[PDB]
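So the sequences go chain by chain: A and B. Just so you know, we're using my numbering here: the first sequence kicks off at 1 and counts up by one. Just so you know, we're using my numbering here: the second sequence kicks off at 1001 and counts up by one. Built from N, CA and C at the ideal position, the CB exists for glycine as well. One structure below.
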Amino acid sequence: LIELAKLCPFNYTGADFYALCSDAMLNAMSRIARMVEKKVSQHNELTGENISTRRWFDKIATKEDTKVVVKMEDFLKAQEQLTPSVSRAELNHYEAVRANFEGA
Amino acid sequence: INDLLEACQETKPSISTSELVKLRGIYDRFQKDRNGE
């Protein structure tokens, strides 16, 4: 987490951090979903049983598969993809508001 | 193919170059602003 704190500039907001964490979790989930898809596809041939992902989700999607695990690279890649939701001009405008509303 | 070529010649861009470049600039500036740089 300290590395992420280092990378992030000083324009991030709680919404931005929430979005970043959501994207990282989504990437981890993409990994998990793809791996379950490979499980189902390969098992369709090995056993010849074309058991759609539905039956896996009901019976064969064990807790570990349901378990969500994330890696640093997910957050880092989302950070590279991350784009703040406010312009530095708007930050300066709000700083102008703060100047008159805090210095006196 | 010839009828296709006639249609191509008749057709003109739904967007005039002025609006194309204007919207391209606006959208690029918005993408950069979102990028916060």
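At a cut-off of 8 Å between C-beta atoms, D1033 (chain B) counts as an interface residue with respect to chain A.
Note on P84 (chain A): 16 or more other CB atoms within 10 angstroms of its CB, so buried under the neighbour-count rule.
Put simply, the backbone Cα of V70 (chain A) is about 18 Å away from that of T62 (chain A).
At a cut-off of 8 Å, the C-beta of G1025 (chain B) has no neighbouring C-beta in chain A. Taking a beta-carbon distance threshold of 8 Å, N92 (chain A) does not count as an interface residue toward chain B.
DSSP, read as helix, strand or coil, puts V97 (chain A) in helix.
Sixteen is the threshold: when 16 or more other Cβ atoms of the shown chains lie within 10 Å of the Cβ of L20 (chain A), as they do, the residue is buried.
Under the 8 Å criterion on CB atoms, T62 (chain A) is classed as non-interfacial with respect to chain B.
In this structure, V36 (chain A) lies near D65 (chain A), with their beta-carbon atoms less than 8 Å apart. Shown here, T47 (chain A) sits in coil according to DSSP, grouped into three states, outside any helix or strand.
In the DSSP assignment, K67 (chain A) falls outside any alpha helix (DSSP H) and carries neither an H nor an E.
Residue contact check for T83 (chain A) against chain B: a CB pair falls below 8 Å.
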